[PDB]
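The next block holds one structure in the form of structure tokens; read it before the comments.
Don't worry about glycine lacking a Cβ; one is built from the backbone with ideal geometry, like all the others, and counts go over all protein chains shown. Each answer follows from the model by the rule given with it, or from the source it names; these are not laboratory values.
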Ligand SMILES: Nc1nc2c(ncn2[C@@H]2O[C@H](COP(=O)(O)OP(=O)(O)O)[C@@H](OP(=O)(O)OP(=O)(O)O)[C@H]2O)c(=O)[nH]1
Ligand SMILES: Nc1nc2c(ncn2[C@@H]2O[C@H](COP(=O)(O)OP(=O)(O)O)[C@@H](OP(=O)(O)OP(=O)(O)O)[C@H]2O)c(=O)[nH]1
């Protein structure tokens with residue numbers, strides 16, 4: 001069957017792979033052929049270790065329709081050290097592109113980096129009620145999936161083309177600050193339940209025209225924005241958002257990227 | 001310092017979050033302030049439990065240059081049952097779209113499905129030399145990042161635009177079987193090192209002209225095809241060796257009927 005040593009390894013792996021799911025104690029008890037009191041002490045050790053190591057926390061919801069829920073969390077210390085390292089790598093002037101753009105797609109591709117950004121996002125929005133994570137194609141998509149895996153919620157991708165083949169669609173128009181052109185963004189009607197609570201994730205925000213377009217698109221679904229998370233904000237039509245980094249405009253002459261913290265610390269108060 | 005119980009929990013978490021990394025036994029000795037004799041006892045328990053529970057294999061390589069490595073693996077039974085499960089739910093007649101297309105957007109969006117498809121891909125290609133996972137925007141991107149996270153390699157996204165502003169780009173042309181139009185797919189030059197071993201991941205293959213486009217694009221970088229993996233292949237093929245989970249028989253738009261069976265994935269077990 002299972003001795004205690006293996007039971008803890010399996011318990012640890014089951015929790016880590018089912019974050020934000022409520023598991024009844026009888027599930028573990030029947031699985032390891034052990035008493036619910038022995039399971040509860042194993043969950044006490046996992047709890048203390050998760051907290052000490054900065055992995056997360058275990059919530060116990062009481063009652064027969066209760067159980068345990070693993071919640072990924074990030075300590076403020078690991079958060080600002082990681083954001084500091086991130087900003088230092090984004091500071092590289094080799095990333096400067098024509099038009100004052102910054103090359104970040106190597107960073108959005110590394111697995112270690114994405115899992116920590118996704119964990120950070122999930123840590124900050126852990127206690128909101130999120131049905132779905134939403135972003136717009138294309139570069140926001142890795143971030144959206146990292147965050148959604150820790151939160152255990154589907155991802156919805158807003159498309160800027162009505163090229164697509166995925167059934168009936170709803171589109172709106174929005175003004176970016178860029179092309180002050182009116183671009184269009186769209187979403188399949190069958191890809192989001194109406195009334196859902198949406199966490200919006202995106203790679204980058206300047207004055208927020210794209211995110212505000214996502215907000216108005218949610219109105220057409222009678223959905224609610226549970227939160228807004230952005231990796232980089234430029235130095236604003238939007239409301240409350242969390243940002244990891246702040247980018248001061250690229251001085252294209254001096255070849256200089258200057259980046260500081262975002263407002264993320266505001267969300268780590270003891 | 002940790003007692004044995006907290007050490008097992010931390011050790012499990014650390015291994016699960018650092019797959020395919022050779023970790024020296026001395027890293028854990030300094031970490032936990034304990035002998036390599038005690039840590040080797042814990043690795044032995046984790047190894048047995050990872051293997052019994054279908055989580056993966058814990059490979060111990062001796063020597064100073066060696067250590068411990070966690071390799072995500074899927075057992076055949078779990079692969080058979082998950083693929084059958086996925087196959088039936090995709091054979092839902094509501095998924096049929098105008099033009100004979102099949103709506104996958106919801107499946108490719110759920111986190112628990114993606115982690116098992118990603119783990120399946122990573123289990124089959126676990127022993128191959130891979131520097132990077134590559135896919136085409138947009139729907140392949142979830143599968144590619146799922147598989148890459150288990151393999152611990154970066155992800156590279158081929159754009160069917162050339163619009164994109166990420167520096168100097170290499171573009172090629174290719175013919176779909178669809179629009180027998182010649183479309184264009186591009187790849188930034190600073191997003192791929194010369195001679196990279198590339199695992200191609202996509203959501204759907206019919207004739208293979210998109211995947212064949214990606215292979216042609218890899219030669220402009222003198223990169224190699226480490227492997228090709230697709231969620232769904234259509235019946236009836238310019239491509240070489242690939243792995244598929246599902247096969248889709250053309251939607252009889254008259255009958256309202258999607259017919260789907262297993263792919264070729266069993267031949268890798
Ligand atoms: N320097 C830099 N900019 C980025 C990066 N990623 C996105 N941007 C830009 O930020 C802006 C996104 O903000 P939006 O949500 O579109 O809101 P906005 O219309 O008010 O600008 C876009 O620039 P834009 O305002 O839409 O037009 P433009 O300034 O490029 O001419 C987008 O091109 C990056 O990595 N580095
Ligand atoms: N039924 C269905 N088909 C999909 C779906 N997603 C992509 N396809 C089709 O699969 C094909 C992509 O495979 P390719 O790699 O391009 O293979 P190919 O060039 O030899 O045709 C495209 O059609 P095509 O092979 O170029 O021609 P056609 O069969 O669409 O007429 C594409 O339209 C889907 O979700 N459902």
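Do we find a residue being away from ligand 1 (no atom under 12 Å from the Cβ), in the same structural domain as residue A:126 (by CATH), part of a loop (DSSP other than H, G, I, E, B) and closer than 18 Å to residue A:100 by Cβ anywhere in the range A:210-233? Step through it out loud before you land on a result.
Step one: of the range A:210-233, the residues away from ligand 1 (no atom under 12 Å from the Cβ) are A:216-227, A:229.
Next, only the ones that are in the same structural domain as residue A:126 (by CATH) stay: A:216-227, A:229.
From what's left, part of a loop (DSSP other than H, G, I, E, B): A:220-223.
Next, only the ones that are closer than 18 Å to residue A:100 by Cβ stay: none.
Within the range A:210-233 (the criterion being away from ligand 1 (no atom under 12 Å from the Cβ), in the same structural domain as residue A:126 (by CATH), part of a loop (DSSP other than H, G, I, E, B) and closer than 18 Å to residue A:100 by Cβ), the answer is no, since none of the residues qualifies.
Do we find that residue B:231 is away from chain A (no Cβ under 14 Å) and within 9 Å of ligand 2 (Cβ to nearest atom) in this structure? I'd like the intermediate steps shown before the answer.
Values: away from chain A (no Cβ under 14 Å): yes; within 9 Å of ligand 2 (Cβ to nearest atom): no.
Taking the combined requirement at face value, the residue does not satisfy it.
Got at least one residue in the range B:66-73 being closer than 30 Å to residue B:36 by Cα, surrounded by 12 or more Cβ atoms within 10 Å (Cβ to Cβ) and either more than 23 Å from the chain's Cα centre (by Cα) or within 16 Å of ligand 1 (Cβ to nearest atom) (or both)?
yes
If we scan the range A:197-208, do we find a residue that is buried (at least 16 other Cβ atoms within 10 Å of the Cβ) and within 16 Å of ligand 2 (Cβ to nearest atom)?
Within the range A:197-208, not a single residue is buried (at least 16 other Cβ atoms within 10 Å of the Cβ) and within 16 Å of ligand 2 (Cβ to nearest atom).
In the range B:239-254, is there at least one residue being within 9 Å of ligand 2 (Cβ to nearest atom), over 18 Å from residue B:131 (Cα atoms), in the same structural domain as residue B:140 (by CATH) and not in a strand (DSSP E or B)? Step through it out loud before you land on a result.
Applying the first criterion (within 9 Å of ligand 2 (Cβ to nearest atom)) to the range B:239-254 yields B:239, B:248, B:250-251.
So of that shortlist, the ones also over 18 Å from residue B:131 (Cα atoms) come out as B:239, B:248, B:250-251.
Remaining after also requiring in the same structural domain as residue B:140 (by CATH): B:239, B:248, B:250-251.
Then drop every residue that is not not in a strand (DSSP E or B), which leaves B:239.
Within the range B:239-254, one or more residues are within 9 Å of ligand 2 (Cβ to nearest atom), over 18 Å from residue B:131 (Cα atoms), in the same structural domain as residue B:140 (by CATH) and not in a strand (DSSP E or B).
Out of the residues in the range B:102-120 meeting the condition of being surrounded by 22 or more Cβ atoms within 10 Å (Cβ to Cβ) and within 10 Å of the chain's Cα centre (by Cα), tell me which one is nearest to the other protein chains (Cβ to nearest Cβ).
Once the filter is applied, the top-ranked residue is B:114.
Is there a residue in the range B:52-74 that is part of a helix (DSSP H, G or I) and either over 29 Å from residue B:24 (Cβ atoms) or in contact with a helix residue (DSSP H, G or I) (Cβ under 9 Å, 6 or more places away or on another chain) (or both)? I'd like the intermediate steps shown before the answer.
Residues of the range B:52-74 part of a helix (DSSP H, G or I): B:52.
Those left that are additionally either over 29 Å from residue B:24 (Cβ atoms) or in contact with a helix residue (DSSP H, G or I) (Cβ under 9 Å, 6 or more places away or on another chain) (or both): B:52.
Yes: the range B:52-74 contains one or more residues that are part of a helix (DSSP H, G or I) and either over 29 Å from residue B:24 (Cβ atoms) or in contact with a helix residue (DSSP H, G or I) (Cβ under 9 Å, 6 or more places away or on another chain) (or both).
Conditions first: (1) touching a helix residue (DSSP H, G or I) at 6+ places or on another chain (Cβ under 9 Å); (2) more than 30 Å from residue B:99 (Cα to Cα); (3) outside any strand (DSSP E or B). Residue A:198 passes all but one, so which condition is the exception?
Residue A:198 satisfies all of (1) touching a helix residue (DSSP H, G or I) at 6+ places or on another chain (Cβ under 9 Å); (2) more than 30 Å from residue B:99 (Cα to Cα); (3) outside any strand (DSSP E or B) except (3).
Scan the range A:49-56 and give yes if some residue there is more than 24 Å from residue A:127 (Cβ to Cβ) and within 14 Å of another protein chain (Cβ to nearest Cβ), otherwise no. Break it down stepwise before answering.
Just the residues of the range A:49-56 that are more than 24 Å from residue A:127 (Cβ to Cβ), to begin with: none.
Checked against the condition, which is being more than 24 Å from residue A:127 (Cβ to Cβ) and within 14 Å of another protein chain (Cβ to nearest Cβ), the range A:49-56 yields no hits at all.
Would you check which residues across the range B:182-196 are under 18 Å from residue B:148 (Cα atoms) and surrounded by fewer than 17 Cβ atoms within 10 Å (Cβ to Cβ) and list them? Steps first, please.
Here is the first cut: in the range B:182-196, the residues under 18 Å from residue B:148 (Cα atoms) are B:191-193, B:196.
If the condition is that a residue be under 18 Å from residue B:148 (Cα atoms) and surrounded by fewer than 17 Cβ atoms within 10 Å (Cβ to Cβ), then B:193 is the only one that fits.
Only residues that are under 23 Å from residue B:31 (Cα atoms) and facing chain B (nearest Cβ under 8 Å): list them for the range A:7-43, please.
Matches in the range A:7-43: A:8, A:9, A:10, A:12, A:13, A:16.
With outside any strand (DSSP E or B), surrounded by 22 or more Cβ atoms within 10 Å (Cβ to Cβ) and either within 13 Å of ligand 2 (Cβ to nearest atom) or away from every other protein chain (no Cβ under 13 Å) (or both) as the only criterion, which of B:179, B:123, B:149 stands out? So that I can check it myself, show each step before the final result.
Working: B:179 fails: surrounded by 22 or more Cβ atoms within 10 Å (Cβ to Cβ); B:149 fails: either within 13 Å of ligand 2 (Cβ to nearest atom) or away from every other protein chain (no Cβ under 13 Å) (or both).
Answer to the selection: B:123.
With under 30 Å from residue A:157 (Cα atoms), surrounded by 17 or more Cβ atoms within 10 Å (Cβ to Cβ) and within 14 Å of chain A (Cβ to nearest Cβ) as the only criterion, which of B:96, B:46 stands out? Walk me through how you get there before you give the answer.
Details: B:46 fails: under 30 Å from residue A:157 (Cα atoms).
One residue alone meets the criteria, B:96.
So which residues in the range A:152-176 are assigned to a strand (DSSP E or B), within 16 Å of ligand 2 (Cβ to nearest atom) and within 7 Å of another protein chain (Cβ to nearest Cβ), if there are any at all? Give the steps one after another, and end with the answer.
Step one: list which residues in the range A:152-176 are assigned to a strand (DSSP E or B), which gives A:155-159, A:169-175.
Next cut, within 16 Å of ligand 2 (Cβ to nearest atom) only: A:157, A:159, A:169.
Matches in the range A:152-176: A:157 only.
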